[PDB]
Amino acid sequence: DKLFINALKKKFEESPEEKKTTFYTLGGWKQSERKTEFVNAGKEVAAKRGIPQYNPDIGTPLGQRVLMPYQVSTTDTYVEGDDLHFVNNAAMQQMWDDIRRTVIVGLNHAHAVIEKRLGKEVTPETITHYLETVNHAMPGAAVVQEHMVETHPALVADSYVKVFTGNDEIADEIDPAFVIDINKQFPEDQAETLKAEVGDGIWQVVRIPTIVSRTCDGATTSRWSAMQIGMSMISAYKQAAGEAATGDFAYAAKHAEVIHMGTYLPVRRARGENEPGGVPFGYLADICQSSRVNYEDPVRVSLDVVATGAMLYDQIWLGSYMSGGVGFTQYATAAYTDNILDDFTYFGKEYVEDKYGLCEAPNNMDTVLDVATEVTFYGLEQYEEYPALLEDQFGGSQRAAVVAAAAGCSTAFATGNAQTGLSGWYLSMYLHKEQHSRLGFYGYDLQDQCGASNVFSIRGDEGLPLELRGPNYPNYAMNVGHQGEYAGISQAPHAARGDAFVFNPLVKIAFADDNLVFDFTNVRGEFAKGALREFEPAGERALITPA
Amino acid sequence: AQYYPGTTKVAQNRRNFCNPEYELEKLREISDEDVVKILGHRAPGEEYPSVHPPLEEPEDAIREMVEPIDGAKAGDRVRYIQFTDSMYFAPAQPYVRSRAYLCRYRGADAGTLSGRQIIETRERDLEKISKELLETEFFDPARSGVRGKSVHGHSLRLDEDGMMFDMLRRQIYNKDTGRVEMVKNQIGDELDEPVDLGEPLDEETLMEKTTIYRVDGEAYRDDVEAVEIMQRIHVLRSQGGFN
Amino acid sequence: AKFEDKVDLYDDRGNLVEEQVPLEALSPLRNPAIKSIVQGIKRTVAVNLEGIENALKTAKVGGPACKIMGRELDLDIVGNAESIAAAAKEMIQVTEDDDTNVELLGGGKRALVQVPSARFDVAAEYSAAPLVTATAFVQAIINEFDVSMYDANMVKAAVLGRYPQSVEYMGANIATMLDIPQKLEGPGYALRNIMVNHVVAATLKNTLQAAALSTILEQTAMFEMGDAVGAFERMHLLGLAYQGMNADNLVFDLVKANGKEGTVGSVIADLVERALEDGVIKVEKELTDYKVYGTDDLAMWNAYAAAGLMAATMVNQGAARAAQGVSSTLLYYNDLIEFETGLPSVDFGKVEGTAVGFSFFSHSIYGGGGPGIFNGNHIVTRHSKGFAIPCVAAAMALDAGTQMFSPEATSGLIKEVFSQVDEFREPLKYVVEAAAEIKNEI
Amino acid sequence: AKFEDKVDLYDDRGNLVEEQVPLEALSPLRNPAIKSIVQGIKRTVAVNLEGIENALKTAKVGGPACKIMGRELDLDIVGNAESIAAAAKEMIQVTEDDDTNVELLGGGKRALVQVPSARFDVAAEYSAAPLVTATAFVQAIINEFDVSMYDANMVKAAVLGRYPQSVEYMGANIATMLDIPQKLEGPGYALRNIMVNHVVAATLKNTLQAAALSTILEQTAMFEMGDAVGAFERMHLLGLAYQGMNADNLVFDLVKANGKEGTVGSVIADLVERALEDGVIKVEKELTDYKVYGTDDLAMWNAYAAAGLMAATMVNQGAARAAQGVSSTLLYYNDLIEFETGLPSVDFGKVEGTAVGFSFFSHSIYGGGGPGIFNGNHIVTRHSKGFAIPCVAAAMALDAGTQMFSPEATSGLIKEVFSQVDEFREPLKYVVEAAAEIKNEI
Ligand code: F43
Ligand SMILES: C[C@@H](OP(=O)(O)O)[C@H](NC(=O)CCCCCCS)C(=O)O
Ligand SMILES: C[C@@H](OP(=O)(O)O)[C@H](NC(=O)CCCCCCS)C(=O)O
Ligand SMILES: O=S(=O)(O)CCS
Ligand SMILES: [Mg+2]
Ligand SMILES: [Xe]
Ligand SMILES: [Xe]
Ligand SMILES: [Xe]
Ligand SMILES: [Xe]
Ligand SMILES: [Xe]
């Protein structure tokens with residue numbers, strides 16, 4: 001059976017193949033539990049504040065068709081689409097906060113300054129003392145000055161500092177409460193690759209409080225991190241609390257050995273560091289931790305990244321940061337609901353596996369023309385044979401993204417190269433446009449028409465490997481239904497290759513951490529949990545507010 | 001001109017819509033007043049509101065060589081007509097329209113979306129075009145709809161009568177007459193008197209005239225020559241962008 | 001000369017001016033008129049003396065709806081504009097006989113300022129023009145009326161606005177064609193961050209002069225960005241010639257042959273005929289009742305297709321006298337020509353892609369605006385490397401008054417002052433002459 | 001000449017070279033050597049061919065700790081550096097025998113590239129140098145090894161990094177002295193966003209040559225920023241001459257008279273004596289056992305005070321052979337001299353203010369760093385208009401190895417490549433000679 005058949009049967013009373021149904025007799029918004037909750041809440045809101053708010057009689061009357069429930073892919077959780085709106089989903093808000101409040105800061109230059117400029121010794125015992133110091137200071141507590149006022153430890157309970165290193169012997173000498181154990185979090189072959197990449201380097205993973213991250217912005221993270229690293233360096237290694245050498249630690253922590261989650265953006269979309277637009281597709285694939293728990297199923301790994309990116313890039317980034325309002329919930333849910341993209345991508349995997357074998361296909365246009373065409377035709381035919389499927393993903397943009405994501409990921413499964421996978425993405429768009437004489441919304445295929453010629457370009461603002469591209473790549477900077485899927489195509493060849501990471505091994509290790517609030521090993525499972533209002537986020541002010 | 005490759009009925013139907021020498025088959029008669037009523041921009045007999053004074057009221061070789069359309073001479077507003085095409089064998093389809101509009105009509109501003117397709121031009125010239133769009137095989141009163149907003153329906157299942165879903169129900173199928181009546185204008189304002197849109201085409205004629213590829217009609221994967229040209233354009237675009 | 005191509009140059013009336021001109025004679029790196037055009041844009045500043053006087057008189061400085069009650073200064077700046085402009089020129093100029101130019105317009109309400117080229121020979125970028133002009137007029141106003149130390153800061157706010165608290169010259173009463181370097185979408189984009197309305201305003205709504213000047217600016221930026229380097233240099237030169245310079249009268253003849261009754265589709269058919277006639281394309285393969293065309297010179301096919309694209313804009317938007325349809329023309333001219341021939345469209349799809357988002361961001365809610373507010377440095381219209389914006393300049397020139405944000409609303413100070421420079425108002429004239437003068441030095 | 005001042009020019013050894021030179025012969029707007037220095041900085045790019053080869057061989061591209069497994073390309077770039085550099089120069093140059101320069105360094109591991117001036121005559125700013133250089137070497141490497149269409153994008157990533165996803169050339173293997181125009185604190189600041197370590201690196205740690213070059217860059221930017229226009233032009237020229245050019249051997253003589261045993265306070269006392277000796281200052285009023293000094297030429301007093309500031313830095317930080325104390329010298333030389341004389345300190349307090357934050361942001365936790373990482377475009381050190389950064393260049397030149405972030409750590413590619421150009425390495429030589437050659441044209 002197709003993976004989406006069960007979800008389609010849950011949505012409609014008719015058989016999935018039936019072309020006819022009945023409309024207009026469903027009661028409008030009264031058919032929906034969620035819309036009913038919203039109407040009652042809108043009445044209470046307007047009554048309490050004295051200004052009209054939510055009103056189902058404004059504009060056109062929702063609910064002339066079936067207001068569908070959605071199955072979160074890989075789960076058995078069925079929710080109305082409103083429960084997958086990022087405003088209504090605390091798991092989605094916490095996923096972004098966990099990314100926004102994270103920064104990676106090396107200790108290698110700092111330890112060099114301690115031993116050379118200060119002439120003091122660095123040992124695993126001093127590192128442990130520093131880490132115990134920094135985990136007191138990082139949430140906002142004092143270590144040096146008299147009469148300091150501090151943050152409430154319970155309001156900032158999610159902030160901490162951990163370290164990792166490729167040297168197993170050094171890692172075992174640091175207090176294990178502060179260590180991200182690569183050998184426990186990653187499988188053997190992945191752990192050896194990551195430990196070989198890190199080597200003797202020691203790297204901090206800093207997470208600042210969520211309540212600060214929500215109060216301020218992403219650019220606060222690396223600054224907040226550096227201040228408390230600097231204070232703990234002063235305390236733990238007995239510096240003068242403000243001498244010349246203290247400036248080296250500040251420059252080291254703020255610039256020299258710091259890895260931001262997102263780079264800053266240009267003026268038209270002015271934003272500082274650690275905003276979604278600055279997160280390249282390769283980082284996003286590595287932030288997602290599906291690679292270390294589902295490493296035998298490259299489809300599952302690739303689609304968990306799609307879910308991560310589709311929610312972040314389309315719902316939060318493009319749907320709020322860059323636009324706002326009702327937003328782009330269903331533009332993104334098309335990529336992680338009803339097992340639709342899963343069915344399409346498992347087909348392409350099996351097609352590639354039987355014909356070529358994973359990563360065994362030639363890395364040329366012939367493999368692109370073959371795999372992308374076959375998967376696209378399979379995906380588009382499913383909408384033609386299952387009218388309930390076409391009514392489900394009713395927007396052409398939705399369908400174009402799902403079909404091309406399967407075609408792109410499948411082509412990358414074949415070549416082991418993300419760039420030919422990207423070429424398959426755009427070919428899917430061109431074939432899709434001609435098959436149904438439609439594609440996406442008014443401006444969906446700006447990048448799609450620029451796409452083919454810019455896949456292998458080498459010019460200034462055109463040429464980049466897919467892993468290095470992101471929401472700031474000029475063609476990609478505006479439009480829904482692409483960025484989250486591009487992250488999946490970046491993951492696709494490395495998942496098929498068994499690679500431990502897509503673009504940055506430090507980023508991959510930095511989120512293999514059980515003290516995170518959001519579970520990046522089970523992104524879609526977390527989305528379902530937040531939709532059911534069962535997710536416990538950080539950063540709440542309940543402790544400092546009346547009952 | 002070749003317009004479009006392929007050997008299917010769909011490919012030929014796309015060439016027919018684009019070719020200005022192909023006379024579109026007229027399927028229904030609609031009065032001039034009904035076209036103005038369906039557009040909903042002005043009442044019948046109301047003067048054309050002007051966005052700028054007439055042209056008669058600088059030196060440029062282009063201006064002197066390009067004859068302006070009648071609405072631009074008078075200074076008419078730029079208004080629109082917008083259609084939604086069901087993916088279940090509607091005769092016209094979104095990209096087919098925009099391609100055909102810019103082959104057949106002068107001074108046309110066409111836009112393509114999955115759930116709607118729009119053309120904007122001078123008001124009095126729009127009325128001339130809308131007559132051909134509504135009376136000919138561009139339009140079917142069951143699988144197509146004139147919708148200025150709330151266009152949801154192009155990808156939905158049909159109702160019991162074979163009508164496309166319409167959130168505002170601008171087009172009503174009459175079981176007693178077997179004909180479709182338009183009770184509202186394209187923006188959703190109720191009309192004083194409905195406009196007869198004729199009988200819906202039967203499924204046999206729909207499949208003969210449709211321009212969408214489907215597995216239960218003519219699949220795009222079966223029009224191997226059309227797919228070949230699209231793959232060729234993809235390869236040539238890739239090579240050109242590289243060198 | 002690196003390339004063997006030669007082109008015939010024409011004027012804005014379809015008359016032949018010079019035959020067999022080497023392709024590189026039109027290059028921004030070689031053409032002296034293009035060099036004068038680029039340098040003129042860098043160093044020209046408009047000063048709104050009436051705005052400075054009104055801002056000081058009302059203490060309305062520093063941005064929209066801003067005012068500091070109690071700071072008002074009543075100075076007759078326009079009445080003394082001759083003395084003020086003369087005093088400023090003394091500070092702007094390097095020597096008494098450099099190319100410094102300060103002219104009053106509108107009876108002293110405006111001032112055209114051209115900062116001498118000597119200041120830019122020792123400058124890294126182009127910001128010296130507004131910064132030297134602003135401080136010279138600030139000092140000249142203060143010296144003219146002996147403004148006290150305690151009030152002079154209001155003159156500074158009236159001239160340059162809220163800078164440096166704001167990054168831009170927010171609320172300034174001076175204008176240039178370039179924006180501050182911080183607002184570049186990327187390095188090398190400065191010649192693209194020129195609003196189409198600025199070009200249409202100072203070209204006085206002449207279609208060919210706006211189209212030529214837009215192509216000159218767009219393709220010159222392609223050299224600064226490095227796109228027109230090496231393997232791609234000939235493609236951008238051919239596009240500059242055939243799309244923007246009316247090379248071989250191809251754009252002009254196509255518009256004439258389809259101006260009375262033609263459509264976008266008919267311009268395509270004639271272009272494919274002309275391209276097949278001139279050996280640019282040839283039938284490579286035949287399918288079932290369908291000829292697949294090929295070419296051995298993609299750069300030349302792109303130039304011919306770009307010429308037909310420009311003509312399709314002039315035919316389609318000229319008939320409507322409304323610029324808005326240019327985004328549709330840029331899209332479906334390229335869409336139709338690909339399935340008509342089997343060859344890639346202009347810029348290998350980049351114009352069609354630019355047109356898709358340009359259509360969207362000019363017919364929706366998410367941003368953008370009218371066709372006149374866009375430019376090569378806009379996120380929506382930066383993707384095509386010089387082949388799409390020139391068609392918008394021709395379209396906005398033909399617009400009979402259907403745009404809320406026309407050049408009169410956003411480029412009023414530009415149309416009055418920058419149109420006075422003959423190089424920019426009629427750039428097709430000087431560029432064709434310069435190519436002929438250097439044709440035997442290439 | 002606008003000003004009557006004349007100065008006597010000396011070399012880096014205290015020897016008189018040319019007497020009674022008009023002040024404006026040292027002006028960036030007039031001096032041909034300063035023009036050669038500024039234009040050379042705009043068009044000079046260093047290419048790390050060894051870094052590109054290592055990035056391709058390991059697929060480590062796009063930023064720190066970044067790698068794409070499976071993308072590795074084994075190309076012998078350094079072994080074929082002669083052919084690659086020759087092909088790149090062919091694309092970089094405009095015409096034959098123009099001022100294009102491509103030289104190999106380190107046996108082909110490095111490449112010095114100087115983009116021809118003709119490309120900048122038609123460009124708005126300076127980004128053409130890295131953008132044309134990067135794409136020429138990308139194309140040259142691809143042509144050299146026939147890199148396939150499917151692999152060429154890795155060569156692009158190896159050369160220019162994560163651009164345009166990042167705003168900067170994040171992870172690039174090319175280097176310039178200027179940064180991207182988007183990173184300017186304000187318009188006209190590009191010549192200030194040059195790290196002090198960059199200047200010290202290519203001056204090979206010569207104190208006077210580093211001080212001259214820093215003053216040349218800082219004060220030239222003051223012209224582009226509009227600060228050195230009109231009422232303030234003479235002050236910046238005098239500061240350029242006396243503080244950076246060793247005018248009248250004042251900095252040299254002050255350093256000589258206090259080099260063996262002197263302190264900042266002793267340099268102040270000698271400077272105040274010299275100003276009183278030369279008629280620059282005079283006793284204006286007498287308090288109780290305290291003489292209040294005045295002046296009729298604040299610009300000249302500022303220049304004399306600026307000379308002693310540079311000399312006090314050379315005496316104080318030279319004795320310590322550690323640059324860090326320059327922030328203290330810049331502060332208390334100005335603090336002490338105001339209560340020593342009753343006259344305003346250098347830049348009317350702006351040097352003292354800059355020093356306060358510079359001391360703070362180089363001895364605390366909130367940012368900044370070592371003295372070598374600062375520049376005129378840094379938020380901490382942008383406030384003094386050209387009178388403070390040159391003293392930091394002189395101090396870092398005297399640092400005997402006490403800095404973690406020295407020029408060897410942050411400016412290694414600059415020290416190897418940009419020092420090869422004689423104009424940049426020894427700017428005091430050429431600027432003094434050029435001023436003498438034009439002394440009768442001013
Ligand atoms: C007013 C526009 C023009 C514009 O700039 N944005 C609109 C409306 C905007 C609003 C609608 C909110 C509301 O209803 O009040 C929002 C939610 C953005 C916002 N401001 O919050 C949005 N669209 Ni739109 N918009 C969507 C879509 C679409 C599809 C729907 C086609 C169909 O057949 O139903 C078409 C484009 C196309 O034809 O491809 C579409 C058009 C349009 N989109 C037409 C309205 C069309 C109509 O009259 O019905 N969107 C989609 O394709 C699916 C996702 C969906 C978005 C909400 C979500 O993701 O949950 C929403 C995204
Ligand atoms: C284009 C640009 O808008 P402006 O044209 O500059 O108003 C930009 N917005 C966007 O890119 C909108 C992206 C999100 C909404 C569209 C999703 S398809 C911005 O707000 O800076
Ligand atoms: C100096 C500069 O830092 P950098 O030297 O660039 O690392 C700057 N920070 C600050 O000004 C810190 C301000 C808050 C801490 C000091 C308060 S007295 C900034 O991050 O842009
Ligand atoms: O109709 S538009 O495609 O502009 C809006 C899509 S959400
Ligand atoms: Mg949990
Ligand atoms: Xe994996
Ligand atoms: Xe212009
Ligand atoms: Xe455009
Ligand atoms: Xe230098
Ligand atoms: Xe400084």
# chains A, B, ... in the order shown; residues from 1 in each chain; ligands from 1
$ interface_residues --of "chain B" --to "chain D" --cutoff "12 Å" --atoms "only C-alpha atoms" --output "list in words"
residues 235, 238, 239, 240, 241, 242 and 243 of chain B
$ interface_residues --of "chain A" --to "chain B" --cutoff "9 Å" --atoms "only C-alpha atoms" --output "PyMOL selection string"
chain A and resi 18-24+60-65+365+369+373+377+380-381+384-385+387-388+390-397+423+426-427+430-431+433-444+450-459
$ write_last_selection --atoms "C-alpha atoms" --output "mmCIF file, in the first residue's frame"
data_model
loop_
_atom_site.group_PDB
_atom_site.id
_atom_site.type_symbol
_atom_site.label_atom_id
_atom_site.label_comp_id
_atom_site.auth_asym_id
_atom_site.auth_seq_id
_atom_site.Cartn_x
_atom_site.Cartn_y
_atom_site.Cartn_z
ATOM 1 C CA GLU A 18 -13.360 8.884 -5.865
ATOM 2 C CA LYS A 19 -13.511 12.088 -7.908
ATOM 3 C CA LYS A 20 -16.737 13.412 -6.347
ATOM 4 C CA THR A 21 -17.813 14.558 -2.886
ATOM 5 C CA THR A 22 -20.260 17.010 -1.298
ATOM 6 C CA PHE A 23 -19.574 20.587 -0.172
ATOM 7 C CA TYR A 24 -21.303 23.526 1.520
ATOM 8 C CA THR A 60 -15.129 34.637 3.484
ATOM 9 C CA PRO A 61 -16.638 31.746 5.509
ATOM 10 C CA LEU A 62 -14.071 29.033 6.200
ATOM 11 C CA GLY A 63 -15.162 25.415 6.040
ATOM 12 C CA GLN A 64 -17.137 25.029 2.810
ATOM 13 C CA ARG A 65 -14.907 21.974 2.251
ATOM 14 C CA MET A 365 23.329 14.809 -16.469
ATOM 15 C CA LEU A 369 17.563 13.096 -16.533
ATOM 16 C CA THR A 373 12.150 12.222 -14.503
ATOM 17 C CA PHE A 377 6.288 11.141 -13.003
ATOM 18 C CA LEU A 380 2.540 13.541 -10.142
ATOM 19 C CA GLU A 381 0.660 10.357 -11.065
ATOM 20 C CA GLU A 384 -3.887 12.031 -10.672
ATOM 21 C CA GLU A 385 -4.965 8.624 -9.334
ATOM 22 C CA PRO A 387 -8.301 12.735 -5.924
ATOM 23 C CA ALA A 388 -8.233 12.828 -2.122
ATOM 24 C CA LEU A 390 -4.837 16.209 -4.847
ATOM 25 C CA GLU A 391 -7.491 17.805 -2.626
ATOM 26 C CA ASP A 392 -5.195 17.263 0.374
ATOM 27 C CA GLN A 393 -2.161 19.099 -1.032
ATOM 28 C CA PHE A 394 -4.388 21.596 -2.803
ATOM 29 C CA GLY A 395 -1.713 24.220 -3.484
ATOM 30 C CA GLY A 396 0.439 23.739 -6.550
ATOM 31 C CA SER A 397 3.432 25.107 -4.629
ATOM 32 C CA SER A 423 19.749 19.755 -10.808
ATOM 33 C CA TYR A 426 14.797 21.965 -11.069
ATOM 34 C CA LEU A 427 14.163 19.381 -13.794
ATOM 35 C CA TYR A 430 10.128 21.990 -15.438
ATOM 36 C CA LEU A 431 8.441 18.627 -16.052
ATOM 37 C CA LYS A 433 4.982 22.726 -15.018
ATOM 38 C CA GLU A 434 4.459 21.122 -18.438
ATOM 39 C CA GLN A 435 2.496 18.103 -17.197
ATOM 40 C CA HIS A 436 -0.271 20.018 -15.396
ATOM 41 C CA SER A 437 0.153 23.418 -17.136
ATOM 42 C CA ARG A 438 0.674 24.903 -13.661
ATOM 43 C CA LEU A 439 3.328 24.945 -10.964
ATOM 44 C CA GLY A 440 3.273 27.091 -7.832
ATOM 45 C CA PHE A 441 2.002 30.481 -6.708
ATOM 46 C CA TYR A 442 2.519 33.711 -8.690
ATOM 47 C CA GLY A 443 6.191 33.841 -7.810
ATOM 48 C CA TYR A 444 7.141 30.282 -6.931
ATOM 49 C CA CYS A 450 17.125 30.519 -12.691
ATOM 50 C CA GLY A 451 17.826 27.089 -11.281
ATOM 51 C CA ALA A 452 19.255 24.925 -14.050
ATOM 52 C CA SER A 453 21.823 27.478 -15.218
ATOM 53 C CA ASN A 454 22.890 28.325 -11.642
ATOM 54 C CA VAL A 455 23.374 24.738 -10.414
ATOM 55 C CA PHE A 456 26.853 24.461 -11.947
ATOM 56 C CA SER A 457 27.706 28.140 -12.415
ATOM 57 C CA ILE A 458 30.966 29.402 -10.927
ATOM 58 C CA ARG A 459 30.279 33.127 -11.060
#
$ interface_residues --of "chain C" --to "chain A" --cutoff "8 Å" --atoms "only C-alpha atoms" --output "ChimeraX atom specification"
/C:182-186,225-227,348-361,366,379-380,382-383
$ write_last_selection --atoms "N, CA, C and O atoms" --output "short mmCIF file (atom, residue, chain, number, x, y, z; two decimals), in the first residue's frame"
data_model
loop_
_atom_site.label_atom_id
_atom_site.label_comp_id
_atom_site.auth_asym_id
_atom_site.auth_seq_id
_atom_site.Cartn_x
_atom_site.Cartn_y
_atom_site.Cartn_z
N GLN C 182 26.56 50.56 2.05
CA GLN C 182 26.11 49.50 2.95
C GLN C 182 24.89 48.76 2.42
O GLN C 182 24.66 47.61 2.82
N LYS C 183 24.10 49.38 1.54
CA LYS C 183 22.86 48.80 1.07
C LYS C 183 23.04 47.93 -0.17
O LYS C 183 22.04 47.52 -0.78
N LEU C 184 24.28 47.64 -0.56
CA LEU C 184 24.53 46.78 -1.70
C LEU C 184 24.12 45.34 -1.39
O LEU C 184 24.44 44.81 -0.33
N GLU C 185 23.40 44.71 -2.33
CA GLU C 185 23.11 43.29 -2.18
C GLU C 185 24.38 42.46 -2.16
O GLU C 185 24.42 41.40 -1.53
N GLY C 186 25.42 42.93 -2.84
CA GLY C 186 26.71 42.30 -2.83
C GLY C 186 27.76 43.26 -3.34
O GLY C 186 27.44 44.33 -3.87
N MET C 225 31.30 43.44 -11.09
CA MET C 225 31.01 42.21 -10.35
C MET C 225 31.87 41.04 -10.80
O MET C 225 31.89 40.01 -10.12
N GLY C 226 32.58 41.17 -11.93
CA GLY C 226 33.35 40.08 -12.48
C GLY C 226 32.58 39.10 -13.33
O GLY C 226 33.17 38.11 -13.79
N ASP C 227 31.28 39.33 -13.55
CA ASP C 227 30.50 38.40 -14.36
C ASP C 227 30.90 38.46 -15.83
O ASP C 227 30.93 37.43 -16.51
N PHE C 348 19.67 32.16 -20.25
CA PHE C 348 19.51 30.74 -19.94
C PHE C 348 18.50 30.52 -18.81
O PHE C 348 18.72 29.71 -17.91
N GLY C 349 17.38 31.24 -18.88
CA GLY C 349 16.32 31.12 -17.91
C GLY C 349 16.31 32.20 -16.84
O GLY C 349 15.29 32.35 -16.15
N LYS C 350 17.40 32.96 -16.69
CA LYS C 350 17.48 33.92 -15.60
C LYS C 350 16.51 35.08 -15.78
O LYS C 350 16.02 35.63 -14.78
N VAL C 351 16.23 35.47 -17.02
CA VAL C 351 15.24 36.52 -17.24
C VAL C 351 13.84 36.02 -16.91
O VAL C 351 13.04 36.72 -16.29
N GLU C 352 13.53 34.78 -17.31
CA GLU C 352 12.23 34.21 -16.96
C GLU C 352 12.08 34.08 -15.45
O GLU C 352 11.01 34.36 -14.90
N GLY C 353 13.15 33.67 -14.76
CA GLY C 353 13.08 33.58 -13.31
C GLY C 353 12.92 34.94 -12.66
O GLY C 353 12.07 35.12 -11.79
N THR C 354 13.74 35.91 -13.08
CA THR C 354 13.57 37.27 -12.60
C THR C 354 12.15 37.77 -12.84
O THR C 354 11.56 38.42 -11.97
N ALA C 355 11.59 37.45 -14.00
CA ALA C 355 10.24 37.91 -14.34
C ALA C 355 9.18 37.27 -13.46
O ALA C 355 8.16 37.90 -13.16
N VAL C 356 9.39 36.01 -13.04
CA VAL C 356 8.41 35.34 -12.19
C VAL C 356 8.25 36.08 -10.87
O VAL C 356 7.14 36.45 -10.47
N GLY C 357 9.37 36.32 -10.18
CA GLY C 357 9.31 37.06 -8.93
C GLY C 357 8.97 38.52 -9.11
O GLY C 357 8.31 39.12 -8.25
N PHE C 358 9.41 39.13 -10.22
CA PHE C 358 9.05 40.51 -10.50
C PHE C 358 7.55 40.65 -10.74
O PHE C 358 6.93 41.61 -10.28
N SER C 359 6.94 39.69 -11.44
CA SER C 359 5.49 39.66 -11.57
C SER C 359 4.82 39.56 -10.21
O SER C 359 3.88 40.30 -9.90
N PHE C 360 5.30 38.63 -9.38
CA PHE C 360 4.72 38.39 -8.06
C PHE C 360 4.86 39.61 -7.16
O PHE C 360 3.87 40.14 -6.64
N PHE C 361 6.09 40.09 -6.98
CA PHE C 361 6.33 41.24 -6.10
C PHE C 361 5.88 42.56 -6.71
O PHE C 361 6.24 43.61 -6.17
N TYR C 366 3.39 40.95 -0.55
CA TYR C 366 4.57 40.63 0.25
C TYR C 366 5.72 41.62 0.08
O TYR C 366 6.76 41.44 0.72
N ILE C 379 16.44 42.74 -4.33
CA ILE C 379 16.51 41.29 -4.15
C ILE C 379 15.62 40.58 -5.16
O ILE C 379 15.87 39.42 -5.52
N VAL C 380 14.59 41.26 -5.66
CA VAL C 380 13.66 40.63 -6.59
C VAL C 380 14.22 40.60 -8.00
O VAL C 380 13.94 39.66 -8.76
N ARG C 382 17.69 41.21 -9.09
CA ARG C 382 19.14 41.16 -9.22
C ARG C 382 19.64 39.92 -9.95
O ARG C 382 20.83 39.84 -10.26
N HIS C 383 18.76 38.97 -10.26
CA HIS C 383 19.21 37.63 -10.62
C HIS C 383 19.65 37.55 -12.08
O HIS C 383 20.65 36.89 -12.39
#
$ interface_residues --of "chain C" --to "chain D" --cutoff "7 Å" --atoms "only C-alpha atoms" --output "ChimeraX atom specification"
/C:28-29,35,38-39,42,91,118-119,121-128,131-132,135-136,180-184,187-188,190-191,224-226,229-230
$ residues_around --residues "residue 373 of chain D" --least-positions-apart "5" --cutoff "7 Å" --atoms "only C-alpha atoms" --output "PyMOL selection string"
chain D and resi 195-197
$ write_last_selection --atoms "N, CA and C atoms" --output "mmCIF file, in the first residue's frame"
data_model
loop_
_atom_site.group_PDB
_atom_site.id
_atom_site.type_symbol
_atom_site.label_atom_id
_atom_site.label_comp_id
_atom_site.auth_asym_id
_atom_site.auth_seq_id
_atom_site.Cartn_x
_atom_site.Cartn_y
_atom_site.Cartn_z
ATOM 1 N N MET D 195 43.098 46.983 8.862
ATOM 2 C CA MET D 195 43.622 46.593 10.163
ATOM 3 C C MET D 195 45.014 47.175 10.383
ATOM 4 N N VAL D 196 45.285 47.598 11.623
ATOM 5 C CA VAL D 196 46.616 48.099 11.963
ATOM 6 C C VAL D 196 47.665 47.028 11.698
ATOM 7 N N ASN D 197 47.317 45.763 11.950
ATOM 8 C CA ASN D 197 48.241 44.669 11.672
ATOM 9 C C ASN D 197 48.554 44.573 10.183
#
$ residues_near_ligand --ligand "ligand 7" --cutoff "10 Å" --atoms "only C-alpha atoms and all ligand atoms" --output "ChimeraX atom specification"
/C:37,40-41,177,194-204,209-210,213-214,217,414-415,418-419,421,423-427
$ residues_around --residues "residue 267 of chain D" --least-positions-apart "2" --cutoff "7 Å" --atoms "only C-alpha atoms" --output "list in words"
residues 254, 258, 262, 263, 264, 265, 269, 270, 271, 308 and 312 of chain D
